[PDB]
Structures are given as structure tokens and as C-alpha cells.
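Comments concern the structure below.
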Amino acid sequence: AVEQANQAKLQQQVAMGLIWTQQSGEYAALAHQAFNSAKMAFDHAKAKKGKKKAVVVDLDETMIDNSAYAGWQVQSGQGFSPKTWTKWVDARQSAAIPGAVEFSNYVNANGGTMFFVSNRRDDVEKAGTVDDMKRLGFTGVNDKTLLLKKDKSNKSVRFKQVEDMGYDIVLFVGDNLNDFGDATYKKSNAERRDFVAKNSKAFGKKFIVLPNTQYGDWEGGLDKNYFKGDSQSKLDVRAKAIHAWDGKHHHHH
Amino acid sequence: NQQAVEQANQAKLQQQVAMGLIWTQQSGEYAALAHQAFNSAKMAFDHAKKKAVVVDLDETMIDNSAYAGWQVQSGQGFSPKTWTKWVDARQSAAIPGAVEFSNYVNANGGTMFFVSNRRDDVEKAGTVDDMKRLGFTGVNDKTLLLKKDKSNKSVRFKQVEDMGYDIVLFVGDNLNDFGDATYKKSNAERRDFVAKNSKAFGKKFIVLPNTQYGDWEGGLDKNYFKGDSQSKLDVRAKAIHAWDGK
């Protein structure tokens, strides 16, 4: 009873970010800004001698738009679960992020190969993923280039798989810092910020970022045991995460 | 009673921004997006052929997220009175990359102009002090164009040009920061502007994320700010598109 009321409370907190993502011209413009940068970076990159030129991207909230699942969460008050996420994947309703299809198709048509390394499940989420990408017009999605999740959520193993196929990964695109390598994997937000500061020049050059205000490993990054707590535990952790002005508060008749 | 009802609803309106504010304040992702923007801007500036760069301040070069945090905690919505108190509290922070970019422009053949909707009359002093503290060079009576009678920036922009400048680059978190084309328009219209100008972004128009506030809020409905908090909740609810779960 209480736990479900709190779970619903957890979903309501994403509503403004979600509205901004679904409705703002600002979000669409950040998407294009990302892909304009990616195109420029790609055009200027050279693959190592003897290597094939590759670009690696994430799918969810990078090339593909699952914001309708987040909407379902807000409305239903239910948190994420593997079972309902698979159901969403199967409803085959993903949209294209602005700029994504053009960039991806540009790469495959202009001297490079796109790889789609994603944490949708290779075991029950491939079918739906393949159908939506075909519908949206992404070229070059096959057994070679679509690397879905097996046993690990970190992407280094899959990235190395791509390289071992004879490719030089010249560019990485994503909404999660883990989409740029394992450096940030399972780290706290403060640590992930450190990684950013130390690599500040890389972004918009080798690492291309898309905004995702609904979910991600910045959520896990809030506390080492964030997901081991119940919904009240999560609410407390979230509240603690905010920094607030004191308000600058004498008066009487 | 009405008072309690409005208070509960205003609090509800603030709870809805929590995750975006947390993302903004905590995520490495947000910081990387700021650097992506400022890296893009440096490149664009270096290439552009007197040279000026126009930028917004709040949520572009300086970080007022502590004010949004105060809103969430106190359940209070925005008001001009408390905003001015925040500006006077002189606690604004630098957005990542912002100081380096701005000082880079000013020391490398360009002039920075800061066109901002902080009020010229009562928010200039706090603005000047925070920018000196953060290390922003070149902030003066000529380069700091604060708000007078109008929220749109096309008039201040033109003032820049009439001083004999070519504005080669615009930076901002609000589409209005790129000219009046989006001013007072719906989100749908603003999104069409984006599509029609898609190739501009990261080249002449540099975007910073702001999921806390903006004219994307007003763009939800022509009478968004005419209604009470309950009506805002309804508009906000209606703005979300949702999988049916089946």
C-alpha cells in the first residue's frame, strides 16, 4: 500500500523533464546540435591505417525515442521493470530522435559503418527493436552491427568486439556516460563529473552527448545502494541530492 | 480551503521538476552537455569571419539551480520579488566551460555581449558582483545589456549591431536567445522553427539544456499563466504522451 503510493510519487518527479523532452523546441535543438557535431567529427576523422572507420551509438534516447514509456510510468505510477519494458519493446512504438536517422544513414553512405550497441535484451527485445528500426528507416541494421545486451550492462566487451572485427571506433554517441566506455561504469555522480572535467575537450568531438532527464546511471550514481532501498528510501536519497538557496527570510503589524 | 488547496498544488508543481533538477545539479551528463556546447561554440567562433558573440546569462553562462532547489523544498513557485532576493544574495555559480569560452572570445579577437533578462533596474548590481567573482572578463556598461521594458531580445541585439558589430554567434538555453522568431509562440511552432533551422544548431545557434524553466513552459498553452495551479497541473498532464501499457 504505502510502497505503491511512494512508487507513484517517484514517477511524478520526472514530469517536467518529460514535458520538456516531449514538447520543447529546446530539446529538439539539442538533438540536432549533437548530430551536427557528430557529422563534423565524422567527416574530419580518419580511421587508423588498415582499419575500417566505425561509429558506435546507443539506441534508447539516443537514436530512438522511448519517452512514451516514461509517460506510461507517470500516468500509471509504476516504476520500471524488465517485464513491462519488454512489453513496451514489443508494442513496437519507438519514435526517431530528431536528426538521428539522417546522421546514421549519412555515416553508412559516406565511408563508415554504424554499430548499435544497446541495453535492450538480445534474448527477448531484438525482434521489436529490428521492426522499429526498419520502420524508422535506419540502414545497416543486421547481425553484425546490432549488439544487444547479453549478460553485461557495461559496453566495453561489445565495443572490443567491434574493434576485433577490424574497425577503428572514431566516434561514440549516447545519453549515458557509460556509452563512452567503462570509465564511468557503476561510479557515483561526483566521480562521473570528475571524468567529465578531466575529459572536457572530448565532448562534441569524440564523445557526442544527447540529453536524458528521465532515467539513467546518474540515477544509480546518487547512492551506492540506491536500488537496494524501497521507494521511500529512493525519495529520501533524491531529496538529499538537491541543493537549495536558503531563501533569505522581522516583520510585524 | 482554497489557500491549502493552492499550496498543495504549487507543491505538486514543484515536485514534478525534481528529477530534472537532480539531473542538472548532479549528472556528469549535464556537465558534458555544457562542455559540448562550449566546445562547439569555440570552433564556430574560430571559423567565423568587429566580431561579436551574444550570450544569455541565466542557465547559459551562470547557474541558478539553487533557486529551483529552493522552490522544490519550500513548495513555492517563481516570483519577481524572491528572484530579486536570490540575485542580491550573490550566490550564482559558473556553468561548466562558460568562463573559459567567454574569456577566450574576449582575448582572441571577439567581443562578448551579455544580453539577459535579469532586470536592469534592480538586478544589475548582484549580477555585476557575481560575474566579477566568477572571473568573467569584459563585463561593463557597454557589454551588459539587461532587461528594460521588453523580454524579447531583438532590440538589444540591434543595439549591439549599431555599435558596429557583426554578431557571429548566439548562445542560450531559450530559443528566444536566437532572435524574436520564437517569441511568445507555442511549443509546436517553436519545434517547427527548430526543424526549419536544424543545421544552424552548434554552428550559429549554441544550445544549453534547461529543464527547470523557460518559454517552453508558456508554450504549453496560450493561457498557461492565467490559470491557478490546478489548471497548470491539468495542462501539464495533457502535455505528456503515454504508452497505453497494453
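By order of appearance in the C-alpha cells: chains A, B, ..., then residues from 1 within every chain, and ligands from 1 in the order shown.
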- Please, which residues of segment 8-111 of chain A, numbered as in this document, come out alpha helix (DSSP H) from DSSP, as a PyMOL selection string? chain A and resi 8-12+15-23+25-44+67-76+82-90+100-109
Save out the residues we just selected, C-alpha atoms, as a PDB file, in the first residue's frame.
```pdb
ATOM      1  CA  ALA A   8       3.859   6.760  -7.868  1.00  0.00           C
ATOM      2  CA  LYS A   9       5.435   9.704  -6.056  1.00  0.00           C
ATOM      3  CA  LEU A  10       8.745   8.697  -7.629  1.00  0.00           C
ATOM      4  CA  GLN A  11       7.253   8.851 -11.153  1.00  0.00           C
ATOM      5  CA  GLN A  12       5.624  12.246 -10.721  1.00  0.00           C
ATOM      6  CA  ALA A  15       7.057  15.092 -15.226  1.00  0.00           C
ATOM      7  CA  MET A  16       8.715  18.439 -16.026  1.00  0.00           C
ATOM      8  CA  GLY A  17      11.824  16.887 -17.553  1.00  0.00           C
ATOM      9  CA  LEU A  18       9.477  14.654 -19.508  1.00  0.00           C
ATOM     10  CA  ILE A  19       7.324  17.549 -20.783  1.00  0.00           C
ATOM     11  CA  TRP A  20      10.464  19.461 -21.723  1.00  0.00           C
ATOM     12  CA  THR A  21      11.710  16.388 -23.639  1.00  0.00           C
ATOM     13  CA  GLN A  22       8.395  15.715 -25.384  1.00  0.00           C
ATOM     14  CA  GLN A  23       7.382  19.309 -26.200  1.00  0.00           C
ATOM     15  CA  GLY A  25      11.950  23.139 -29.287  1.00  0.00           C
ATOM     16  CA  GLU A  26      14.946  23.342 -26.968  1.00  0.00           C
ATOM     17  CA  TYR A  27      15.222  19.545 -26.668  1.00  0.00           C
ATOM     18  CA  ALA A  28      14.923  19.010 -30.433  1.00  0.00           C
ATOM     19  CA  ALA A  29      17.615  21.671 -30.990  1.00  0.00           C
ATOM     20  CA  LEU A  30      19.994  19.888 -28.578  1.00  0.00           C
ATOM     21  CA  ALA A  31      19.395  16.696 -30.563  1.00  0.00           C
ATOM     22  CA  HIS A  32      20.348  18.435 -33.830  1.00  0.00           C
ATOM     23  CA  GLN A  33      23.258  20.176 -32.139  1.00  0.00           C
ATOM     24  CA  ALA A  34      24.511  16.713 -31.170  1.00  0.00           C
ATOM     25  CA  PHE A  35      24.113  15.279 -34.676  1.00  0.00           C
ATOM     26  CA  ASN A  36      25.532  18.346 -36.415  1.00  0.00           C
ATOM     27  CA  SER A  37      28.601  17.950 -34.187  1.00  0.00           C
ATOM     28  CA  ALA A  38      28.724  14.229 -34.871  1.00  0.00           C
ATOM     29  CA  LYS A  39      28.659  14.774 -38.628  1.00  0.00           C
ATOM     30  CA  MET A  40      31.503  17.267 -38.399  1.00  0.00           C
ATOM     31  CA  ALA A  41      33.549  14.978 -36.145  1.00  0.00           C
ATOM     32  CA  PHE A  42      32.936  12.037 -38.511  1.00  0.00           C
ATOM     33  CA  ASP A  43      33.893  13.944 -41.667  1.00  0.00           C
ATOM     34  CA  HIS A  44      37.174  15.012 -40.101  1.00  0.00           C
ATOM     35  CA  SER A  67       9.604   8.803 -23.944  1.00  0.00           C
ATOM     36  CA  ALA A  68       6.127   7.214 -24.251  1.00  0.00           C
ATOM     37  CA  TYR A  69       7.232   4.567 -21.707  1.00  0.00           C
ATOM     38  CA  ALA A  70       8.156   7.363 -19.283  1.00  0.00           C
ATOM     39  CA  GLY A  71       4.708   8.851 -19.919  1.00  0.00           C
ATOM     40  CA  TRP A  72       3.164   5.481 -19.103  1.00  0.00           C
ATOM     41  CA  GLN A  73       5.149   5.476 -15.837  1.00  0.00           C
ATOM     42  CA  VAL A  74       3.883   8.908 -14.771  1.00  0.00           C
ATOM     43  CA  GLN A  75       0.270   8.059 -15.588  1.00  0.00           C
ATOM     44  CA  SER A  76       0.252   4.586 -14.048  1.00  0.00           C
ATOM     45  CA  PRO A  82      12.076  -5.760 -17.076  1.00  0.00           C
ATOM     46  CA  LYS A  83       8.653  -7.311 -17.711  1.00  0.00           C
ATOM     47  CA  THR A  84       6.810  -4.123 -18.674  1.00  0.00           C
ATOM     48  CA  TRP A  85       9.819  -2.805 -20.596  1.00  0.00           C
ATOM     49  CA  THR A  86       9.802  -5.919 -22.788  1.00  0.00           C
ATOM     50  CA  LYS A  87       6.085  -5.367 -23.354  1.00  0.00           C
ATOM     51  CA  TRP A  88       6.817  -1.796 -24.491  1.00  0.00           C
ATOM     52  CA  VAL A  89       9.567  -3.027 -26.805  1.00  0.00           C
ATOM     53  CA  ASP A  90       7.055  -5.447 -28.327  1.00  0.00           C
ATOM     54  CA  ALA A 100      19.258  10.595 -35.818  1.00  0.00           C
ATOM     55  CA  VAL A 101      18.134   8.804 -38.977  1.00  0.00           C
ATOM     56  CA  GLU A 102      19.895  11.338 -41.241  1.00  0.00           C
ATOM     57  CA  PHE A 103      23.194  11.134 -39.346  1.00  0.00           C
ATOM     58  CA  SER A 104      23.186   7.339 -39.105  1.00  0.00           C
ATOM     59  CA  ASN A 105      22.276   6.919 -42.778  1.00  0.00           C
ATOM     60  CA  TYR A 106      24.876   9.560 -43.686  1.00  0.00           C
ATOM     61  CA  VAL A 107      27.625   7.586 -41.995  1.00  0.00           C
ATOM     62  CA  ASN A 108      26.773   4.281 -43.682  1.00  0.00           C
ATOM     63  CA  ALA A 109      26.576   6.062 -47.040  1.00  0.00           C
TER      64      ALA A 109
END
```
- Task: Counting only C-alpha atoms, collect the residues of chain B whose closest atom lies at most 7 Å from chain A, and write them out as a VMD selection string.
- Result: chain B and resid 15 to 20 22 to 23 26 to 29 31 to 33 35 to 36 39 to 40 66 to 67 69 to 70 174 to 175 187 190 to 191 194 198 to 199 201 to 202 207 211 216 239 to 245
Give me, as an mmCIF file with C-alpha atoms, in the first residue's frame, all polymer residues having an atom no more than 8 Å from segment 90-100 of chain B, counting only C-alpha atoms and skipping those fewer than 3 positions away in the same chain.
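That gives us around_28.cif:
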```cif
data_model
loop_
_atom_site.group_PDB
_atom_site.id
_atom_site.type_symbol
_atom_site.label_atom_id
_atom_site.label_comp_id
_atom_site.auth_asym_id
_atom_site.auth_seq_id
_atom_site.Cartn_x
_atom_site.Cartn_y
_atom_site.Cartn_z
ATOM 1 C CA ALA B 31 28.145 18.870 -17.375
ATOM 2 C CA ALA B 34 27.616 22.207 -21.314
ATOM 3 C CA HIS B 35 31.154 21.405 -22.486
ATOM 4 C CA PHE B 38 31.092 25.491 -25.418
ATOM 5 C CA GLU B 59 21.225 28.817 -17.184
ATOM 6 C CA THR B 60 23.648 29.607 -20.020
ATOM 7 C CA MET B 61 26.816 31.137 -18.509
ATOM 8 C CA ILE B 62 25.680 31.145 -14.855
ATOM 9 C CA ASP B 63 23.939 28.542 -12.737
ATOM 10 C CA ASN B 64 20.830 29.497 -10.725
ATOM 11 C CA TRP B 86 18.179 35.497 -4.966
ATOM 12 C CA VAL B 87 20.038 37.796 -7.374
ATOM 13 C CA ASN B 103 37.328 34.853 -21.681
ATOM 14 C CA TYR B 104 38.668 33.043 -24.729
ATOM 15 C CA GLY B 126 24.105 41.494 -7.938
ATOM 16 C CA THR B 127 24.829 40.421 -11.495
ATOM 17 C CA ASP B 129 29.336 41.219 -8.423
ATOM 18 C CA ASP B 130 28.741 37.516 -9.212
ATOM 19 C CA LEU B 134 33.421 34.020 -11.210
ATOM 20 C CA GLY B 135 36.114 35.528 -13.391
ATOM 21 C CA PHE B 136 34.120 36.765 -16.393
#
```
- Task: Select from segment 39-189 of chain B everything DSSP, run on the backbone, classes as strand (DSSP E), then give the selection as a ChimeraX atom specification.
- Result: /B:51-55,62-63,93-94,111-119,144-147,166-172
Generate a file of the selected residues that holds N, CA, C and O atoms, formatted as a compact mmCIF listing (two decimals), in the first residue's frame.
```txt
# COMPACT_ATOMS: atom_id res chain seq x y z
N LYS B 51 33.92 41.58 -34.57
CA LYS B 51 33.26 40.30 -34.33
C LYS B 51 32.68 40.22 -32.93
O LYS B 51 33.39 40.43 -31.96
N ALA B 52 31.38 39.93 -32.83
CA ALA B 52 30.74 39.81 -31.52
C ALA B 52 30.11 38.44 -31.30
O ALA B 52 29.74 37.75 -32.25
N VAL B 53 30.00 38.06 -30.03
CA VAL B 53 29.30 36.85 -29.64
C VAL B 53 28.28 37.26 -28.59
O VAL B 53 28.62 37.89 -27.59
N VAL B 54 27.02 36.90 -28.82
CA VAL B 54 25.96 37.24 -27.88
C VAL B 54 25.54 36.02 -27.08
O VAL B 54 25.32 34.94 -27.65
N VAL B 55 25.41 36.17 -25.78
CA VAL B 55 25.02 35.06 -24.93
C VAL B 55 24.00 35.53 -23.91
O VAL B 55 23.99 36.70 -23.53
N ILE B 62 25.72 31.23 -16.32
CA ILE B 62 25.68 31.14 -14.86
C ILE B 62 24.53 30.27 -14.37
O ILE B 62 23.50 30.16 -15.03
N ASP B 63 24.73 29.66 -13.21
CA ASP B 63 23.94 28.54 -12.74
C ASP B 63 23.08 28.98 -11.56
O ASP B 63 23.59 29.24 -10.47
N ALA B 93 26.51 30.44 -9.54
CA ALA B 93 27.68 29.63 -9.85
C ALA B 93 27.96 29.67 -11.35
O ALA B 93 27.08 30.03 -12.14
N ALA B 94 29.17 29.30 -11.76
CA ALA B 94 29.52 29.20 -13.18
C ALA B 94 29.06 27.87 -13.80
O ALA B 94 29.23 26.81 -13.20
N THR B 111 34.31 40.22 -29.20
CA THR B 111 33.77 40.88 -28.01
C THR B 111 32.52 40.17 -27.52
O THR B 111 31.62 39.88 -28.30
N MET B 112 32.46 39.88 -26.22
CA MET B 112 31.30 39.20 -25.64
C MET B 112 30.22 40.19 -25.22
O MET B 112 30.51 41.17 -24.54
N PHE B 113 28.98 39.94 -25.62
CA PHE B 113 27.85 40.70 -25.11
C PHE B 113 26.89 39.82 -24.33
O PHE B 113 26.53 38.72 -24.76
N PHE B 114 26.49 40.32 -23.16
CA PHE B 114 25.68 39.57 -22.23
C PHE B 114 24.29 40.18 -22.18
O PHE B 114 24.05 41.16 -21.46
N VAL B 115 23.39 39.61 -22.98
CA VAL B 115 22.02 40.10 -23.08
C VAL B 115 21.13 39.19 -22.28
O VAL B 115 20.92 38.03 -22.64
N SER B 116 20.59 39.72 -21.20
CA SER B 116 19.99 38.90 -20.17
C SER B 116 18.70 39.52 -19.67
O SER B 116 18.55 40.74 -19.64
N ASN B 117 17.76 38.67 -19.26
CA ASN B 117 16.51 39.18 -18.73
C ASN B 117 16.47 39.37 -17.21
O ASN B 117 15.41 39.52 -16.61
N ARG B 118 17.65 39.40 -16.59
CA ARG B 118 17.73 39.96 -15.26
C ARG B 118 17.43 41.44 -15.42
O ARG B 118 17.75 42.03 -16.45
N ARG B 119 16.77 42.04 -14.44
CA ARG B 119 16.31 43.42 -14.57
C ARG B 119 17.43 44.45 -14.43
O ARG B 119 18.23 44.42 -13.49
N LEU B 144 26.97 44.72 -21.02
CA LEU B 144 25.93 44.08 -20.23
C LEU B 144 24.58 44.70 -20.52
O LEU B 144 24.26 45.78 -20.01
N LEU B 145 23.79 44.02 -21.35
CA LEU B 145 22.50 44.54 -21.78
C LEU B 145 21.37 43.84 -21.03
O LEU B 145 20.83 42.83 -21.48
N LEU B 146 21.04 44.38 -19.86
CA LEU B 146 19.99 43.81 -19.03
C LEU B 146 18.60 44.28 -19.46
O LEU B 146 18.47 45.18 -20.30
N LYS B 147 17.58 43.67 -18.88
CA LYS B 147 16.21 43.91 -19.32
C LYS B 147 15.70 45.27 -18.89
O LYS B 147 15.89 45.69 -17.75
N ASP B 166 29.33 42.78 -35.90
CA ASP B 166 28.67 41.65 -36.56
C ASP B 166 28.54 40.50 -35.57
O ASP B 166 29.54 39.92 -35.14
N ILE B 167 27.31 40.16 -35.20
CA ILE B 167 27.08 39.07 -34.25
C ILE B 167 27.25 37.74 -34.97
O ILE B 167 26.39 37.35 -35.77
N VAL B 168 28.36 37.05 -34.70
CA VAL B 168 28.70 35.84 -35.44
C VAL B 168 28.14 34.57 -34.80
O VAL B 168 28.08 33.50 -35.44
N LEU B 169 27.68 34.70 -33.57
CA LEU B 169 27.36 33.53 -32.76
C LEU B 169 26.42 33.89 -31.61
O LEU B 169 26.64 34.87 -30.90
N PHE B 170 25.37 33.09 -31.42
CA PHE B 170 24.45 33.27 -30.30
C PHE B 170 24.46 32.04 -29.39
O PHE B 170 24.40 30.91 -29.89
N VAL B 171 24.50 32.25 -28.07
CA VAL B 171 24.45 31.14 -27.11
C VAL B 171 23.27 31.29 -26.14
O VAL B 171 22.94 32.39 -25.70
N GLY B 172 22.59 30.18 -25.83
CA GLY B 172 21.45 30.28 -24.94
C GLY B 172 20.78 28.98 -24.59
O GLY B 172 21.05 27.94 -25.19
```
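Between residue 79 of chain A and the residues A:164, A:123, A:3, A:61, the shortest atom-to-atom distance, using only C-alpha atoms, involves A:3.
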- Message: So that I can check the surroundings of residue 49 of chain A, please list as a count of residues only every protein, DNA and RNA residue that reaches within 12 Å of it, counting only C-alpha atoms and ignoring chain neighbours fewer than 2 positions away.
- Response: 8
- Do you know which residues are at most 6 Å from segment 148-162 of chain B counting only C-alpha atoms, after dropping those on the same chain fewer than 6 positions away, and could you put them as a PyMOL selection string? chain B and resi 120+179-180
- Using only C-alpha atoms: which of B:133, B:74, B:102, B:37 has the shortest distance to residue 11 of chain B: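 Ranked by minimum distance to residue 11 of chain B, first place goes to B:74.
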- Task: Please measure the separation of atom CA of residue 171 of chain A and atom CA of residue 56 of chain A, giving the value in Å to one decimal.
- Result: 6.4 Å
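One finds atom CA of residue 145 of chain A at 12.9 Å from atom CA of residue 129 of chain A.
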